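> Attaching a single structure in structure tokens format; questions to follow.
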Amino acid sequence: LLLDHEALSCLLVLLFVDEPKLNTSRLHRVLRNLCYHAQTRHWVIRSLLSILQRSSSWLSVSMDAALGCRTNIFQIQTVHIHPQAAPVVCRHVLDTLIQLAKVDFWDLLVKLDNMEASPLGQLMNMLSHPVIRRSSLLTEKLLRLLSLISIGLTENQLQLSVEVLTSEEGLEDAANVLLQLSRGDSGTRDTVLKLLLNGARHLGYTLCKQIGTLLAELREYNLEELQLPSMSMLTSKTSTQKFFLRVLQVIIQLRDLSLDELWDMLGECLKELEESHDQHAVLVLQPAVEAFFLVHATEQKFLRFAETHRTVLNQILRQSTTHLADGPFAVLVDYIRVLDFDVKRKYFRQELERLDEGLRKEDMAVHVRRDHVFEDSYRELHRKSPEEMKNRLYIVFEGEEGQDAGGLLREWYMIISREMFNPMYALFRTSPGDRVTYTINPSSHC
Amino acid sequence: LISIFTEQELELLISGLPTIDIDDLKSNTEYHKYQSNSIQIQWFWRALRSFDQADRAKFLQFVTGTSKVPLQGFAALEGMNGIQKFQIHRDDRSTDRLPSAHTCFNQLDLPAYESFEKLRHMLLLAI
């Protein structure tokens, strides 16, 4: 017991006072080193968690909380933290707890002034408490903390509400929490799956209500660009589309939800947007389509979808920078009639670069004679490896001046593409019918 | 990885999409049983103007057998029997079958489809 609880309380009072100068990372490393002693760790953490619960004269610390309001952090009359200061005391305590997760106090505090896995339950209850539930920052920090610690029913309901209600990094840490909890017990796996499904069904029902208003207002717009106000609650960053897609991506991550009333009206809505002669107007349903192809096309109905909306799914993919074979729409790699040429060209070029991404490519010389380029290139390259061919060739013509290497390479490709069809090599001959095409010369055995 | 392209699209990937002067093609079109002011022909030209560059190129391959644009223009469009202009023929068979091509004559047989939408759908389904 290197330090007593009064010296620890004096150190912990530093978490309440918000001073920018104070080195709180150094204070965190002091508390971390002190917390190697298990009884000290246990008292420190039980105090920090009592500070969170109490967030939800020497001790005269005036924090500027709002305009014209300089609050006292402590109200002592049984010691309470003034709710204006509370969110900062929470933020500093969660900052300390994140380090302790990488690795009585009140009565002592008034005595001065007068002169991992178990408390995970408290930290999951903390999500219900208003100063935290308000603050996206405190929620993100608490979720990072839970994502570290994870390495019951209400506590999972409160963890899922973090996804069904409003932090992309904090909700990816929430995904980590929900996974690592499900790794724990088959019963928590099952209960979190079924409560995810419950939330996704709520989201689907209200999404079908919203798209039903959208479709109805598109009916009333046409029957007489698209800036339908019903669109605002789909464009919104916190739209049920993004919540539904997030929840489905977590469901599919836990797998290793019957809504045909949604899917068929997403159908007729997309069809009525496409018939309404506007194009990006579809994109307010892109995440609902991505949900469709998540829930369907399990690692069919999605194929009839890609047929009846073919040009729509193409508008989606062409607009999306999501790489076709890394996004959800990868399944249709093999059903290729449902994509545009330039979409397939991008997929081609990205998958080619992905397969050869491990290869460092160098520059590579090709020394040729202007009068012999074809045979000099054959000699130079025909024994080269494919990966040496994949190097960028720059061509040097003997004694010629320097010139733009790109234009000189383009010229080189042009001359070669000619010489392919010089009859002296007997490689290609014109179709006797067309007379402008070329096919293998069956007389190349000469 | 190449098998994702069509037999048209591999050509369009290797040699690129040509820029088609539809005015040059129209100037070098021969109409045999259709006429230049037939409604199905105005629908044909409207469709071909409405098609993007890849479907236009796929059409050119369908009717000429290639995506290659003649340097001198379509007046110099070759066929099996010397310079042959592009040509549209009315297909007097039933109008529930696609147009058909005889690329050595640069010949299109085109049923008298009853509407712009159906003609566009059938041509796009052919290409």
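Identifiers for the structure tokens are assigned positionally: chains receive A, B, ... in sequence, residues are indexed from 1 per chain, and ligands are indexed from 1 in the order shown.
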Just want the 10 Å neighbourhood of residue 445 in chain A, counted on only C-alpha atoms, with same-chain residues fewer than 3 positions away dropped. Output as a PyMOL selection string.
chain A and resi 426-427+441-442
> Assign secondary structure with DSSP using the backbone only, and return the residues of range 3-126 of chain B in alpha helix (DSSP H) as a PyMOL selection string.
chain B and resi 7-14+22-27+39-50+53-64+116-126
> Using only C-alpha atoms, find which residues of chain A lie within 7 Å of chain B and jot them down as a PyMOL selection string.
chain A and resi 336+341+344+348+433-434
> Name all residues at most 9 Å from range 99-107 of chain A (count only C-alpha atoms; drop same-chain ones fewer than 5 positions away) and give them as an MDAnalysis selection string.
chainID A and resid 5:6 8:9 28:29 31:32 35:36 41 43:47 50:51 78:79 94 112 116 145:146 148:149
> For residue 180 in chain A, find every residue with an atom within 9 Å (counting only C-alpha atoms), except residues of its own chain fewer than 5 positions away, and show them as a list in words.
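Returned residues: residues 147, 150, 151 and 175 of chain A.
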> Please write the residues from the selection above to a file, keeping N, CA and C atoms, as a tab-separated table (two decimals), in the first residue's frame.

chain	number	residue	atom	x	y	z
A	147	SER	N	-15.44	-1.61	-25.52
A	147	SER	CA	-14.80	-2.42	-26.56
A	147	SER	C	-13.44	-2.93	-26.11
A	150	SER	N	-14.33	-5.70	-23.13
A	150	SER	CA	-14.95	-6.95	-23.54
A	150	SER	C	-13.92	-8.04	-23.80
A	151	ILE	N	-12.68	-7.67	-24.07
A	151	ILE	CA	-11.60	-8.63	-24.25
A	151	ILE	C	-11.21	-9.24	-22.91
A	175	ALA	N	-20.13	-2.12	-32.29
A	175	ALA	CA	-20.13	-3.39	-32.99
A	175	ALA	C	-19.14	-4.36	-32.36
> I'd like the neighbourhood of range 31-48 of chain B as a list in words, where a residue qualifies if any of its atoms comes within 9 Å (using only C-alpha atoms), though same-chain residues fewer than 2 positions away should be ignored.
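Neighbouring residues, sequence-local ones excluded: residues 22, 26, 29, 50, 51, 52, 55, 56, 59, 86, 87, 88, 89, 90, 91, 112, 113, 114, 115, 116, 117, 119, 120 and 123 of chain B.
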> Print the selection's residues with N, CA, C and O atoms to a file, as a compact mmCIF listing (two decimals), in the first residue's frame.

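What landed in again-v2.txt:
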# COMPACT_ATOMS: atom_id res chain seq x y z
N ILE B 22 -23.12 10.26 -86.03
CA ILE B 22 -24.42 9.78 -86.49
C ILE B 22 -24.88 10.56 -87.70
O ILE B 22 -25.62 10.04 -88.54
N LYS B 26 -26.07 8.60 -90.95
CA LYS B 26 -27.33 8.96 -91.58
C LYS B 26 -27.10 9.45 -93.01
O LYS B 26 -27.89 9.14 -93.91
N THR B 29 -26.55 6.24 -95.10
CA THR B 29 -27.53 5.18 -94.92
C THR B 29 -28.36 5.01 -96.18
O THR B 29 -28.70 5.99 -96.85
N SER B 50 -30.16 8.40 -78.63
CA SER B 50 -30.34 8.27 -77.19
C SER B 50 -29.43 7.23 -76.55
O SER B 50 -29.17 7.31 -75.34
N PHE B 51 -28.95 6.26 -77.31
CA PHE B 51 -28.04 5.26 -76.78
C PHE B 51 -26.70 5.89 -76.42
O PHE B 51 -26.19 6.75 -77.14
N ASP B 52 -26.15 5.45 -75.29
CA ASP B 52 -24.82 5.89 -74.91
C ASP B 52 -23.78 5.33 -75.87
O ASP B 52 -24.07 4.50 -76.74
N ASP B 55 -23.53 1.44 -76.19
CA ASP B 55 -24.59 0.80 -76.96
C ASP B 55 -24.58 1.22 -78.42
O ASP B 55 -24.92 0.41 -79.29
N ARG B 56 -24.16 2.45 -78.72
CA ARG B 56 -23.92 2.85 -80.10
C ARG B 56 -22.83 2.00 -80.76
O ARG B 56 -22.98 1.55 -81.90
N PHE B 59 -24.13 -1.39 -81.39
CA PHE B 59 -24.95 -1.33 -82.59
C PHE B 59 -24.09 -1.36 -83.85
O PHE B 59 -24.42 -2.06 -84.83
N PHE B 86 -24.14 1.77 -95.19
CA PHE B 86 -25.00 1.13 -94.22
C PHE B 86 -26.40 1.05 -94.83
O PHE B 86 -26.74 1.82 -95.73
N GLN B 87 -27.21 0.11 -94.36
CA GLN B 87 -28.49 -0.11 -95.00
C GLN B 87 -29.50 -0.71 -94.03
O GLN B 87 -29.17 -1.63 -93.27
N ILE B 88 -30.72 -0.19 -94.08
CA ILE B 88 -31.83 -0.62 -93.24
C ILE B 88 -32.90 -1.24 -94.13
O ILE B 88 -33.37 -0.60 -95.08
N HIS B 89 -33.28 -2.48 -93.83
CA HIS B 89 -34.30 -3.21 -94.57
C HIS B 89 -35.49 -3.47 -93.65
O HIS B 89 -35.32 -3.81 -92.48
N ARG B 90 -36.69 -3.31 -94.20
CA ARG B 90 -37.89 -3.64 -93.44
C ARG B 90 -38.04 -5.16 -93.42
O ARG B 90 -38.08 -5.79 -94.48
N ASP B 91 -38.11 -5.75 -92.22
CA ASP B 91 -38.32 -7.19 -92.06
C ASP B 91 -39.82 -7.49 -92.01
O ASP B 91 -40.48 -7.26 -91.00
N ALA B 112 -41.08 -3.88 -88.44
CA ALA B 112 -41.80 -2.60 -88.37
C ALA B 112 -42.40 -2.33 -86.99
O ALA B 112 -43.60 -2.11 -86.84
N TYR B 113 -41.55 -2.35 -85.96
CA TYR B 113 -42.06 -2.35 -84.59
C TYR B 113 -43.01 -1.18 -84.37
O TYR B 113 -42.78 -0.06 -84.81
N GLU B 114 -44.10 -1.48 -83.65
CA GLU B 114 -45.24 -0.57 -83.53
C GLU B 114 -44.95 0.69 -82.72
O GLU B 114 -45.74 1.65 -82.80
N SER B 115 -43.87 0.75 -81.95
CA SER B 115 -43.67 1.90 -81.08
C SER B 115 -42.20 2.13 -80.78
O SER B 115 -41.36 1.23 -80.90
N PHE B 116 -41.90 3.37 -80.39
CA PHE B 116 -40.56 3.74 -79.96
C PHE B 116 -40.09 2.87 -78.80
O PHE B 116 -38.97 2.35 -78.83
N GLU B 117 -40.90 2.75 -77.75
CA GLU B 117 -40.46 1.98 -76.58
C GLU B 117 -40.14 0.54 -76.94
O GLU B 117 -39.09 0.02 -76.56
N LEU B 119 -39.47 -0.75 -79.99
CA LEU B 119 -38.31 -0.80 -80.88
C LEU B 119 -37.02 -0.63 -80.10
O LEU B 119 -36.04 -1.35 -80.32
N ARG B 120 -36.99 0.33 -79.17
CA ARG B 120 -35.81 0.56 -78.35
C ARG B 120 -35.51 -0.66 -77.50
O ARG B 120 -34.35 -1.08 -77.39
N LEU B 123 -34.16 -3.52 -79.88
CA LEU B 123 -32.80 -3.23 -80.32
C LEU B 123 -31.79 -3.38 -79.18
O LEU B 123 -30.72 -3.98 -79.35
> Neighbouring residues of range 291-297 of chain A were defined as those with any atom within 8 Å, considering only C-alpha atoms; residues of the same chain fewer than 2 positions away were excluded. Please report them as a list in words.
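Near neighbours after the sequence-gap exclusion: residues 244, 245, 248, 249, 252, 263, 287, 288, 289, 299, 300, 301, 302, 328, 329 and 331 of chain A.
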> Tell me, as a count of residues only, which residues lie within 12 Å of residue 346 in chain A, counting only C-alpha atoms; anything in the same chain fewer than 6 positions away does not count.
18
> Can you work out the spacing between CA of residue 269 in chain A and CA of residue 215 in chain A in Å, to one decimal?
5.5 Å
> Would you please extract all strand (DSSP E) residues from range 56-258 of chain A, as assigned by DSSP on the backbone, and give them as a PyMOL selection string?
chain A and resi 62-66+69-72+74-76+79-81
